[PDB]
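Here the structure comes first, spelled out in structure tokens, and everything after it is commentary.
Here, each number is a calculation from the coordinates, and none is a lab measurement. Cβ coordinates were reconstructed from backbone atoms using ideal geometry, including for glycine residues, and neighbour counts include every protein chain displayed.
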């Protein structure tokens, strides 16, 4: 597999992490702060003017950082993935009258 | 944001789940079995001829299913995401001489 919709799907989220987590191959982790810039630089639709300080702020905080001292592989998928569920489809635009704290 | 590399990245993994987890909007979950077909139908590069029964088999089993009785949002990102780390970049093609059980 290569040109498969899913194929491009996987490589997509893995790299969002790798990009900040290493441009020339360094380690299998990243940085809580390095994630900051990425979100605001390549994910404004999720944190546009911080219209919602409960999507990103809640994820990055609850991500529980303690893996090798640095970020991680799923931590990112978890970091951004969670936002997708708290900003993109899956959960949002599905239960407008069923949303609360 | 819309045409951003990350933008397409998020929508990519969310839909892999949604697609099996509902084509016309049903719920925010999926099905352990429904995931089976998806992997073999749109992710053979990860389970091609089951060359590696430790990537998918270990993920789907350890995913710990007990959310609303059905699958879930991250469960998929976790299911496929984990594979990306156990088959795609992030972890693989990074430590050839540093891999083991």
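What is the number of the single condition among (1) without any contact (Cβ under 8 Å) to a residue 24 or more places away in the chain; (2) under 20 Å from residue B:101 (Cβ atoms) that residue B:11 does not meet?
Exception for residue B:11: condition (2).
Considering (1) surrounded by fewer than 21 Cβ atoms within 10 Å (Cβ to Cβ); (2) touching a helix residue (DSSP H, G or I) at 6+ places or on another chain (Cβ under 8 Å); (3) under 23 Å from residue A:91 (Cα atoms), say which one residue B:82 fails and leave the rest.
With respect to (1) surrounded by fewer than 21 Cβ atoms within 10 Å (Cβ to Cβ); (2) touching a helix residue (DSSP H, G or I) at 6+ places or on another chain (Cβ under 8 Å); (3) under 23 Å from residue A:91 (Cα atoms), residue B:82 is out only on (1).
Restricting the stretch A:1-20 to residues that are at the interface with chain B (Cβ under 8 Å from one of its Cβ atoms) and not in a helix (DSSP H, G or I), which is surrounded by the fewest Cβ atoms within 10 Å (Cβ to Cβ)? Working first, answer last.
Step one: filter the stretch A:1-20 for residues at the interface with chain B (Cβ under 8 Å from one of its Cβ atoms), giving A:1-2, A:4-18.
Remaining after also requiring not in a helix (DSSP H, G or I): A:1-2, A:4.
Values: A:1: 14, A:2: 7, A:4: 14.
Filtering the stretch A:1-20 for residues that are at the interface with chain B (Cβ under 8 Å from one of its Cβ atoms) and not in a helix (DSSP H, G or I), the one surrounded by the fewest Cβ atoms within 10 Å (Cβ to Cβ) comes out as A:2.
Give the residue, chosen from B:38, B:17, that is under 11 Å from the mean Cα position of the chain (by Cα) and farther than 20 Å from residue A:84 by Cα.
Working: B:17 fails: farther than 20 Å from residue A:84 by Cα.
Just one listed residue meets the conditions, B:38.
Would you check if residue B:52 is over 30 Å from residue A:23 (Cβ atoms) and either surrounded by 10 or more Cβ atoms within 10 Å (Cβ to Cβ) or out of contact with any strand residue (DSSP E or B) (no Cβ under 9 Å at 6 or more places or on another chain) (or both)?
no
Kindly indicate the residue of the stretch B:21-35 that is crowded, with 19+ Cβ neighbours inside 10 Å and touching a strand residue (DSSP E or B) at 6+ places or on another chain (Cβ under 8 Å) and also farthest from residue A:83 (Cα to Cα) among those meeting that condition. Break it down into steps so the answer makes sense when it comes.
Taking the stretch B:21-35 and keeping what is crowded, with 19+ Cβ neighbours inside 10 Å, we get B:21, B:28-30, B:35.
Still in the list and also touching a strand residue (DSSP E or B) at 6+ places or on another chain (Cβ under 8 Å): B:29-30.
Working: B:29: 17, B:30: 19 Å.
Per the stated criteria, the residue is B:30.
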